[PDB]
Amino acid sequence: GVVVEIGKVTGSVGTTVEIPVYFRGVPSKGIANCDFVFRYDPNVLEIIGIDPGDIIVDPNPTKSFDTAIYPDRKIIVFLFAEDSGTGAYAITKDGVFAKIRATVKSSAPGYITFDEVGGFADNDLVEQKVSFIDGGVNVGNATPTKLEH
């Protein structure tokens, strides 16, 4: 079914990075709605905003697309519900669903992880099978275990 992939990026402490959220396997009758929750560590990443990706076609994106950031709860929430009412603003192609803007607070890995999913439905309200691929920032940052190239 639908595949949601969190991008993997790199960045030095104090810089701002963009972590894209990719959609693949978009249904033949589109995505009319989706809601899901990602987890993150606010010690590593200060999430400053989430922008809608270019697969959000509503000429006023905020009518169809909204997010919420909870540092105390360590989660970010995504809500898409095409606003036309006719399926006109549904997601119809693979691509970037959202871009998470984050300031890097430490050199430790800043994983952004799938926490919970509500529903991913097409224009006929048929719920889709959905799977997630986790990612985030500086994913390989670690203390070496041995001498190696």
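Note that residue numbering begins at 1 and tracks the sequence as displayed.
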30 to 38 or 61 to 69, whichever carries the higher mean Cα B-factor:
61 to 69
Of 12 to 20 and 130 to 138, which one has the bigger average CA B-factor?
12 to 20
Comparing recorded Cα B-factors across 82, 94, 116, 122, which one is largest?
116
Check where residue 147 lands among this chain's C-alpha B-factors and tell me if it's the lowest, middle or highest third.
highest
Place residue 104 in the lowest, middle or highest third of its chain's C-alpha B-factors, as listed in the PDB entry.
highest
Could you look up the Cα B-factor of residue 56 in the entry and say which third of the chain it sits in: lowest, middle or highest?
middle
Sorting by Cα B-factor within the chain, modelled residues only, which third would residue 49 end up in: lowest, middle or highest?
highest
